[PDB]
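S.K.: Okay, so here is start-v3.tsv, and as you'll see once you scroll down, it has TSV, C-alpha atoms.
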```
chain	number	residue	atom	x	y	z
A	1394	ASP	CA	-8.73	50.88	61.21
A	1395	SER	CA	-10.25	53.57	59.00
A	1396	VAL	CA	-11.98	56.92	59.32
A	1397	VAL	CA	-15.15	55.13	58.16
A	1398	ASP	CA	-16.94	53.32	60.98
A	1399	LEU	CA	-18.37	50.52	58.83
A	1400	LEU	CA	-14.87	49.91	57.45
A	1401	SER	CA	-13.54	49.56	61.02
A	1402	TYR	CA	-14.12	46.35	62.97
A	1403	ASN	CA	-12.55	43.62	65.07
A	1404	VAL	CA	-12.53	39.93	64.12
A	1405	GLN	CA	-10.67	37.41	66.25
A	1406	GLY	CA	-10.85	34.03	67.92
A	1407	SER	CA	-8.62	31.63	69.86
A	1408	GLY	CA	-9.18	27.93	69.29
A	1409	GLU	CA	-6.77	26.72	71.96
A	1410	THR	CA	-6.54	22.94	72.20
A	1411	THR	CA	-4.00	21.09	74.33
A	1412	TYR	CA	-3.78	17.68	76.00
A	1413	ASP	CA	-1.68	17.28	79.13
A	1414	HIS	CA	0.35	14.07	79.05
A	1415	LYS	CA	-0.86	13.82	82.67
A	1416	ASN	CA	-4.10	12.40	81.15
A	1417	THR	CA	-5.90	15.74	81.44
A	1418	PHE	CA	-7.47	17.61	78.52
A	1419	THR	CA	-8.70	21.17	78.01
A	1420	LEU	CA	-10.37	22.83	75.01
A	1421	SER	CA	-10.87	26.60	74.84
A	1422	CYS	CA	-12.60	28.40	71.97
A	1423	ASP	CA	-13.12	32.16	72.20
A	1424	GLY	CA	-15.27	34.08	69.74
A	1425	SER	CA	-15.48	37.88	69.76
A	1426	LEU	CA	-16.64	39.83	66.70
A	1427	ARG	CA	-17.08	43.60	66.88
A	1428	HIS	CA	-19.08	45.37	64.18
A	1429	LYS	CA	-21.24	48.46	63.85
A	1430	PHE	CA	-24.51	46.54	63.43
A	1431	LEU	CA	-23.88	43.55	65.72
A	1432	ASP	CA	-21.85	42.65	68.81
A	1433	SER	CA	-21.02	38.96	69.29
A	1434	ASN	CA	-19.64	37.46	72.50
A	1435	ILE	CA	-18.80	33.76	72.20
A	1436	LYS	CA	-16.79	31.64	74.65
A	1437	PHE	CA	-16.98	27.88	75.16
A	1438	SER	CA	-14.96	25.93	77.72
A	1439	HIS	CA	-14.57	22.14	77.54
A	1440	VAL	CA	-12.29	20.24	79.93
A	1441	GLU	CA	-12.04	16.48	80.49
A	1442	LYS	CA	-10.21	14.56	83.21
A	1443	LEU	CA	-8.76	11.70	81.15
A	1444	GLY	CA	-6.71	10.23	84.00
A	1445	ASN	CA	-8.55	9.37	87.20
A	1446	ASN	CA	-11.96	10.57	88.36
A	1447	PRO	CA	-13.66	10.47	84.93
A	1448	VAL	CA	-15.23	13.91	85.30
A	1449	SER	CA	-16.55	15.94	82.37
A	1450	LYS	CA	-17.18	19.69	82.60
A	1451	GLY	CA	-18.73	21.58	79.70
A	1452	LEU	CA	-19.71	25.25	79.82
A	1453	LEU	CA	-20.77	27.56	77.00
A	1454	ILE	CA	-20.82	31.36	77.23
A	1455	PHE	CA	-22.54	32.93	74.22
A	1456	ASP	CA	-24.03	36.41	73.88
A	1457	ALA	CA	-24.73	38.19	70.60
A	1458	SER	CA	-26.32	41.65	70.52
A	1459	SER	CA	-27.52	43.13	67.25
A	1460	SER	CA	-27.52	46.93	67.44
A	1461	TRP	CA	-30.91	46.99	65.64
A	1462	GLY	CA	-33.24	45.25	68.07
A	1463	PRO	CA	-32.70	41.48	68.18
A	1464	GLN	CA	-30.98	40.19	71.31
A	1465	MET	CA	-29.98	36.54	71.68
A	1466	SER	CA	-28.25	34.42	74.31
A	1467	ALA	CA	-27.82	30.77	75.27
A	1468	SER	CA	-26.11	28.99	78.16
A	1469	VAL	CA	-24.99	25.36	78.45
A	1470	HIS	CA	-23.81	23.85	81.74
A	1471	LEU	CA	-22.63	20.25	81.44
A	1472	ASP	CA	-21.83	18.54	84.75
A	1473	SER	CA	-20.90	14.85	84.92
A	1474	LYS	CA	-18.95	13.35	87.81
A	1475	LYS	CA	-18.34	10.03	89.56
A	1476	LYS	CA	-19.38	10.74	93.15
A	1477	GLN	CA	-16.99	8.22	94.68
A	1478	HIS	CA	-18.77	5.51	92.70
A	1479	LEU	CA	-22.22	7.09	92.18
A	1480	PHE	CA	-22.17	8.57	88.68
A	1481	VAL	CA	-23.88	11.96	89.05
A	1482	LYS	CA	-24.72	13.90	85.88
A	1483	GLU	CA	-26.70	17.13	85.59
A	1484	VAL	CA	-27.28	19.20	82.44
A	1485	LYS	CA	-28.74	22.72	82.30
A	1486	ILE	CA	-29.50	24.16	78.86
A	1487	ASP	CA	-31.37	27.42	78.27
A	1488	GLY	CA	-31.86	29.23	74.97
A	1489	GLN	CA	-33.46	32.67	75.20
A	1490	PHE	CA	-34.59	34.58	72.12
A	1491	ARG	CA	-36.32	37.91	71.48
A	1492	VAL	CA	-36.28	40.07	68.36
A	1493	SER	CA	-38.03	43.32	69.26
A	1494	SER	CA	-41.24	42.18	70.93
A	1495	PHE	CA	-41.64	38.58	69.77
A	1496	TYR	CA	-40.72	36.17	72.55
A	1497	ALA	CA	-39.23	32.69	72.32
A	1498	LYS	CA	-37.77	30.85	75.31
A	1499	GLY	CA	-37.11	27.16	75.83
A	1500	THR	CA	-35.74	25.89	79.15
A	1501	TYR	CA	-34.68	22.27	79.61
A	1502	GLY	CA	-33.49	20.31	82.63
A	1503	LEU	CA	-32.13	16.75	82.70
A	1504	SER	CA	-31.22	14.75	85.81
A	1505	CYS	CA	-29.56	11.32	85.70
A	1506	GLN	CA	-28.60	9.15	88.69
A	1507	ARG	CA	-26.96	5.75	88.21
A	1508	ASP	CA	-25.69	2.91	90.43
A	1509	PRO	CA	-23.69	0.61	88.14
A	1510	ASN	CA	-23.10	-1.96	90.91
A	1511	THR	CA	-26.86	-2.57	91.00
A	1512	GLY	CA	-27.30	-1.66	87.34
A	1513	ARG	CA	-29.97	0.88	88.31
A	1514	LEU	CA	-30.50	4.31	86.76
A	1515	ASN	CA	-32.96	7.13	87.47
A	1516	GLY	CA	-33.49	9.48	84.53
A	1517	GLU	CA	-35.59	12.61	85.00
A	1518	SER	CA	-36.28	15.10	82.21
A	1519	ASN	CA	-37.99	18.50	82.37
A	1520	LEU	CA	-38.95	20.42	79.23
A	1521	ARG	CA	-40.63	23.83	79.14
A	1522	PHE	CA	-41.01	26.19	76.18
A	1523	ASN	CA	-42.65	29.59	75.85
A	1524	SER	CA	-43.14	32.07	73.01
A	1525	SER	CA	-45.39	34.94	72.00
A	1526	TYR	CA	-48.03	32.46	70.80
A	1527	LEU	CA	-46.80	28.99	71.81
A	1528	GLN	CA	-46.56	27.20	75.17
A	1529	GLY	CA	-44.76	23.87	75.39
A	1530	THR	CA	-44.01	21.60	78.33
A	1531	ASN	CA	-43.24	17.91	78.78
A	1532	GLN	CA	-41.90	15.63	81.51
A	1533	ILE	CA	-40.26	12.22	81.13
A	1534	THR	CA	-39.33	9.81	83.92
A	1535	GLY	CA	-37.07	6.89	83.03
A	1536	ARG	CA	-36.53	4.12	85.59
A	1537	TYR	CA	-33.98	1.47	84.61
A	1538	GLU	CA	-33.14	-1.21	87.19
A	1539	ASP	CA	-30.72	-3.93	86.05
A	1540	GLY	CA	-32.49	-5.00	82.87
A	1541	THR	CA	-35.91	-3.71	83.98
A	1542	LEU	CA	-37.06	-0.45	82.39
A	1543	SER	CA	-40.07	1.63	83.47
A	1544	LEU	CA	-40.54	4.68	81.24
A	1545	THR	CA	-43.44	7.13	81.36
A	1546	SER	CA	-44.23	10.18	79.24
A	1547	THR	CA	-46.65	13.03	79.94
A	1548	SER	CA	-47.01	15.69	77.25
A	1549	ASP	CA	-49.05	18.91	77.32
A	1550	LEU	CA	-49.53	20.49	73.90
A	1551	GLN	CA	-50.26	24.19	73.28
A	1552	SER	CA	-51.50	24.68	76.84
A	1553	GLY	CA	-53.03	21.20	76.91
A	1554	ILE	CA	-55.52	21.49	74.04
A	1555	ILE	CA	-54.37	17.94	73.27
A	1556	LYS	CA	-53.31	15.63	76.10
A	1557	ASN	CA	-50.98	12.70	75.39
A	1558	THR	CA	-49.50	10.16	77.79
A	1559	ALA	CA	-47.39	7.14	76.83
A	1560	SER	CA	-46.66	4.27	79.22
A	1561	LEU	CA	-44.04	1.68	78.27
A	1562	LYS	CA	-42.88	-1.38	80.19
A	1563	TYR	CA	-40.27	-3.97	79.17
A	1564	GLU	CA	-39.85	-6.74	81.75
A	1565	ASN	CA	-39.07	-10.45	81.45
A	1566	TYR	CA	-38.09	-10.12	77.77
A	1567	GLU	CA	-41.71	-9.27	76.88
A	1568	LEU	CA	-42.69	-5.76	75.80
A	1569	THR	CA	-45.89	-3.88	76.64
A	1570	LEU	CA	-46.68	-0.40	75.34
A	1571	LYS	CA	-49.60	1.81	76.32
A	1572	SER	CA	-50.26	5.05	74.43
A	1573	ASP	CA	-53.13	7.49	74.93
A	1574	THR	CA	-54.03	10.71	73.15
A	1575	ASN	CA	-57.17	12.79	73.60
A	1576	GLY	CA	-58.48	15.89	71.85
A	1577	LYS	CA	-59.89	18.97	73.59
A	1578	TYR	CA	-60.60	21.11	70.53
A	1579	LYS	CA	-64.00	22.52	69.50
A	1580	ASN	CA	-66.71	19.79	69.43
A	1581	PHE	CA	-64.16	16.96	69.20
A	1582	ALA	CA	-64.08	14.62	72.20
A	1583	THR	CA	-61.60	12.40	70.37
A	1584	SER	CA	-59.89	9.90	72.66
A	1585	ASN	CA	-57.59	7.14	71.42
A	1586	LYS	CA	-56.06	4.66	73.87
A	1587	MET	CA	-53.52	2.35	72.23
A	1588	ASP	CA	-51.81	-0.60	73.88
A	1589	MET	CA	-49.38	-3.06	72.30
A	1590	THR	CA	-48.13	-6.33	73.77
A	1591	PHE	CA	-45.33	-8.70	72.79
A	1592	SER	CA	-44.41	-12.22	73.89
A	1593	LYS	CA	-41.70	-14.62	72.76
A	1594	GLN	CA	-43.95	-15.33	69.75
A	1595	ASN	CA	-47.29	-13.57	70.22
A	1596	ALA	CA	-47.95	-9.89	69.56
A	1597	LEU	CA	-51.36	-8.51	70.51
A	1598	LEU	CA	-53.10	-5.53	68.90
A	1599	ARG	CA	-55.89	-3.70	70.71
A	1600	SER	CA	-56.94	-0.32	69.32
A	1601	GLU	CA	-59.87	1.74	70.59
A	1602	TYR	CA	-61.06	5.15	69.48
A	1603	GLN	CA	-64.14	7.36	69.81
A	1604	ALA	CA	-64.63	10.48	67.72
A	1605	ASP	CA	-67.79	11.76	69.45
A	1606	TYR	CA	-68.38	14.75	67.18
A	1607	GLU	CA	-71.50	16.84	67.72
A	1608	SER	CA	-74.26	14.21	67.86
A	1609	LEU	CA	-72.16	11.57	66.06
A	1610	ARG	CA	-70.61	8.95	68.35
A	1611	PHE	CA	-68.37	7.06	65.93
A	1612	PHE	CA	-66.44	4.12	67.37
A	1613	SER	CA	-63.67	2.01	65.82
A	1614	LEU	CA	-62.47	-1.25	67.38
A	1615	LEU	CA	-59.56	-3.30	66.06
A	1616	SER	CA	-58.35	-6.54	67.66
A	1617	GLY	CA	-55.37	-8.20	66.03
A	1618	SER	CA	-53.73	-11.25	67.61
A	1619	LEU	CA	-51.01	-13.17	65.79
A	1620	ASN	CA	-49.16	-16.45	66.28
A	1621	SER	CA	-47.06	-18.87	64.26
A	1622	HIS	CA	-50.39	-20.39	63.16
A	1623	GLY	CA	-51.74	-17.56	61.04
A	1624	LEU	CA	-53.43	-14.30	61.97
A	1625	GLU	CA	-56.80	-13.81	63.65
A	1626	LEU	CA	-58.12	-10.28	63.14
A	1627	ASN	CA	-61.43	-8.56	63.85
A	1628	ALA	CA	-62.28	-5.00	62.81
A	1629	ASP	CA	-65.41	-3.68	64.52
A	1630	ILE	CA	-66.51	-0.12	63.74
A	1631	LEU	CA	-69.75	1.63	64.68
A	1632	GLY	CA	-71.00	4.98	63.44
A	1633	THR	CA	-74.14	6.02	65.32
A	1634	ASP	CA	-75.90	9.39	65.15
A	1635	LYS	CA	-79.23	10.87	66.26
A	1636	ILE	CA	-81.11	8.89	63.57
A	1637	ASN	CA	-78.72	7.03	61.27
A	1638	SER	CA	-76.39	4.31	62.55
A	1639	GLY	CA	-73.62	2.81	60.44
A	1640	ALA	CA	-73.04	-0.66	61.88
A	1641	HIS	CA	-70.57	-2.99	60.17
A	1642	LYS	CA	-68.46	-5.81	61.61
A	1643	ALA	CA	-65.71	-7.74	59.83
A	1644	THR	CA	-64.11	-10.90	61.23
A	1645	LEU	CA	-61.15	-12.55	59.48
A	1646	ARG	CA	-59.43	-15.72	60.68
A	1647	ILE	CA	-56.27	-16.98	58.98
A	1648	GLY	CA	-56.06	-20.61	60.08
A	1649	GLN	CA	-54.41	-23.71	58.70
A	1650	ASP	CA	-57.90	-25.27	58.52
A	1651	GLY	CA	-58.69	-22.72	55.79
A	1652	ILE	CA	-59.77	-19.10	55.60
A	1653	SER	CA	-63.00	-17.96	57.26
A	1654	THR	CA	-64.16	-14.42	56.52
A	1655	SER	CA	-67.26	-12.80	58.03
A	1656	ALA	CA	-68.04	-9.22	57.00
A	1657	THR	CA	-71.47	-7.97	58.07
A	1658	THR	CA	-72.96	-4.55	57.36
A	1659	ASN	CA	-76.24	-3.45	58.95
A	1660	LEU	CA	-77.62	0.01	58.16
A	1661	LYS	CA	-80.81	1.54	59.57
A	1662	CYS	CA	-82.09	4.93	58.38
A	1663	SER	CA	-85.52	5.72	59.83
A	1664	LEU	CA	-87.88	3.79	57.52
A	1665	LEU	CA	-85.02	2.14	55.60
A	1666	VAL	CA	-83.03	-0.79	57.01
A	1667	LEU	CA	-80.27	-2.63	55.15
A	1668	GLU	CA	-78.74	-5.96	56.18
A	1669	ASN	CA	-75.73	-7.50	54.44
A	1670	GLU	CA	-74.02	-10.81	55.21
A	1671	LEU	CA	-71.19	-12.40	53.23
A	1672	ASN	CA	-69.87	-15.74	54.48
A	1673	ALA	CA	-66.98	-17.34	52.59
A	1674	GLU	CA	-64.88	-20.24	53.89
A	1675	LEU	CA	-61.86	-21.25	51.82
A	1676	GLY	CA	-61.27	-24.68	53.31
A	1677	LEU	CA	-60.09	-28.02	51.97
A	1678	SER	CA	-63.62	-29.30	51.22
A	1679	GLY	CA	-64.34	-26.94	48.33
A	1680	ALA	CA	-64.92	-23.21	48.67
A	1681	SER	CA	-68.15	-22.38	50.50
A	1682	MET	CA	-69.84	-19.02	49.91
A	1683	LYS	CA	-73.04	-17.75	51.53
A	1684	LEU	CA	-74.63	-14.36	50.88
A	1685	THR	CA	-77.65	-12.63	52.38
A	1686	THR	CA	-79.12	-9.20	51.67
A	1687	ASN	CA	-82.61	-7.91	52.48
A	1688	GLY	CA	-82.98	-4.15	52.11
A	1689	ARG	CA	-86.15	-2.99	53.87
A	1690	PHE	CA	-87.79	0.36	53.13
A	1691	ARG	CA	-91.19	1.23	54.65
A	1692	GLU	CA	-93.38	-1.90	54.22
A	1693	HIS	CA	-91.66	-2.98	51.01
A	1694	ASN	CA	-89.39	-6.01	51.40
A	1695	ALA	CA	-86.69	-7.36	49.11
A	1696	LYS	CA	-85.46	-10.80	50.20
A	1697	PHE	CA	-82.23	-11.97	48.57
A	1698	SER	CA	-79.61	-14.52	49.55
A	1699	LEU	CA	-77.37	-16.94	47.67
A	1700	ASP	CA	-75.96	-20.34	48.61
A	1701	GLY	CA	-72.76	-21.52	47.00
A	1702	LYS	CA	-70.55	-24.60	47.28
A	1703	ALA	CA	-67.71	-25.48	44.90
A	1704	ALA	CA	-66.43	-29.01	45.54
A	1705	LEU	CA	-64.58	-31.19	43.06
A	1706	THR	CA	-67.31	-33.82	43.39
A	1707	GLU	CA	-70.10	-31.30	42.77
A	1708	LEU	CA	-70.76	-27.59	42.25
A	1709	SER	CA	-73.91	-26.25	43.92
A	1710	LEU	CA	-75.14	-22.69	43.40
A	1711	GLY	CA	-78.83	-22.03	44.04
A	1712	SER	CA	-80.13	-18.49	43.59
A	1713	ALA	CA	-83.52	-17.26	44.76
A	1714	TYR	CA	-85.27	-13.95	45.40
A	1715	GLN	CA	-88.80	-12.78	46.11
A	1716	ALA	CA	-90.53	-9.46	46.72
A	1717	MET	CA	-93.90	-7.70	46.54
A	1718	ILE	CA	-92.64	-4.23	45.64
A	1719	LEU	CA	-95.48	-1.89	44.71
A	1720	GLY	CA	-97.65	-4.95	45.30
A	1721	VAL	CA	-96.18	-6.51	42.15
A	1722	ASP	CA	-95.65	-10.22	42.69
A	1723	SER	CA	-92.02	-10.97	41.85
A	1724	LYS	CA	-90.08	-14.18	42.40
A	1725	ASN	CA	-87.11	-15.82	40.69
A	1726	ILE	CA	-85.44	-19.18	41.36
A	1727	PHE	CA	-82.23	-20.47	39.78
A	1728	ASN	CA	-81.22	-23.90	41.08
A	1729	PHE	CA	-78.66	-25.78	39.01
A	1730	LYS	CA	-76.15	-28.52	39.83
```
Give the structure from this file in structure tokens form.

M.R.:
Amino acid sequence: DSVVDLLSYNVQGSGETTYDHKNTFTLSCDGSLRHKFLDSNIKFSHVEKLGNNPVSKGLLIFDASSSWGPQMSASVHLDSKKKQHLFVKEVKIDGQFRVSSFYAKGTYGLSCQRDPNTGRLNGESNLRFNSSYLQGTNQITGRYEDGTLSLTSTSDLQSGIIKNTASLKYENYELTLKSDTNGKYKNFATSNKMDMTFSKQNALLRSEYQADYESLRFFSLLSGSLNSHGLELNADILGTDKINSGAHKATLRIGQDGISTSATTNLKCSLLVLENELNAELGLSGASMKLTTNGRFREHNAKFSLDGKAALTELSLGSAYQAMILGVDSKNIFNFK
């Protein structure tokens, strides 16, 4: 208490906390701060029925008011009760925020219904957010039924410029996930759809995606299946445009019989075409390698390929190439064992 305003204020708060031996509990926390630039109102009530009827009530009362524009407030309403034997819970949370003109509001709503006799639960979630330059909203539905879960997610991002949806299912001790995301920005028609699967031993990988930018339709395919007996993976990716087309495929098998790799790259550019084939098998009969490459431009042809076998009994590598480039006869052979 002083003649000067800024030197005068109020600061106080009661943090009451008491448990009733009756198996009932109550928590009270009051916050009130009085100052010449800001005015804070804080009050939170928390009470728990620790005897019978396991009810839980939680309420927050908060309001702070700066005397120089900014105004803030948030409310929390926690409601959980055992309706006879149906456990009913509902939560309402809302945080509201402005400064002078900037806006920021996020409202959330959660609903949960459970039947423990049947081991079944119904979870429903609502999310919405708004601001001066940002819009956010998402919904989640969770269905659990006595060991069986069915969860689904739908997300809208910045007014839906990007759309994402995730589907998950876990039944019979085997997991399956599906996940999709798609772009709606500028010239990008990007769309990725991802699914994952799981068995007692096997996990399966399928991944698709298309970029589809301007005139370029680029595609990537990945297929990965695994087991106790090594991996089998194929990566297949295509980049095709108005004229040019990047086409390469790679196949890799990890088997107890040995390793078989097959990476192939074919490129065509108007009057130029390129073809590339490597073929290596790392088996038990000596490593086998086979190569092929014939780059074709206009009429001119270059024809190359190489055979190769490396066995303990014998090593065989025979190289050959021929071409008529600029009409110049050209041929080389290298055979040696």

S.K.: Nearest to residue 1455 of chain A among A:1470, A:1593, A:1436, A:1429, with distances taken over only C-alpha atoms: which residue is it?

M.R.: A:1436

S.K.: What is the atom CA of residue 1532 of chain A-atom CA of residue 1575 of chain A distance in Å, reported with one decimal?

M.R.: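 Going from atom CA of residue 1532 of chain A over to atom CA of residue 1575 of chain A covers 17.4 Å.
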
S.K.: Do you have the atom CA of residue 1681 of chain A-atom CA of residue 1699 of chain A distance handy?

M.R.: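 Computed distance, atom CA of residue 1681 of chain A to atom CA of residue 1699 of chain A, equals 11.1 Å.
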
S.K.: With all atoms listed in the file as the counted atoms, please give the residues lying no more than 7 Å from residue 1651 of chain A, apart from itself and same-chain residues fewer than 6 positions off, as a list in words.

M.R.: residues 1674, 1675, 1676 and 1677 of chain A

S.K.: Restricting the calculation to all atoms listed in the file: of A:1548, A:1401, A:1620, A:1678, which residue gets closest to residue 1596 of chain A?

M.R.: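 Checking each candidate against residue 1596 of chain A, we get A:1620 as the closest.
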
S.K.: When you look at residue 1493 of chain A with a cut-off of 9 Å (counting all atoms listed in the file), what residues show up, excluding the ones that are within fewer than 2 positions of it in the same chain? I need them as a PyMOL selection string.

M.R.: chain A and resi 1461-1464+1491+1495-1496

S.K.: Go through A:1712, A:1524, A:1644, A:1633 and flag the residue nearest residue 1662 of chain A, using only C-alpha atoms for the distances.

M.R.: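 Answer, going by the shortest atom-to-atom distance: A:1633.
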
S.K.: Expressed in Å to a single decimal, how great is the separation between atom CA of residue 1618 of chain A and atom CA of residue 1592 of chain A?

M.R.: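 A separation of 11.3 Å between them.
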
S.K.: Hey, which of A:1615, A:1555, A:1609, A:1652 ends up closest to residue 1635 of chain A? Count all atoms listed in the file.

M.R.: A:1609

S.K.: Would you kindly identify which residues have an atom no farther than 12 Å from (-2.8, 12.2, 78.1), using only C-alpha atoms and the file's own coordinates, and write them out as a list in words?

M.R.: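 Residues close enough to count: residues 1411, 1412, 1413, 1414, 1415, 1416, 1417, 1418, 1419, 1441, 1442, 1443, 1444 and 1445 of chain A.
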
S.K.: So, counting all atoms listed in the file, which residue among A:1459, A:1698, A:1706, A:1543 is closest to residue 1428 of chain A?

M.R.: A:1459
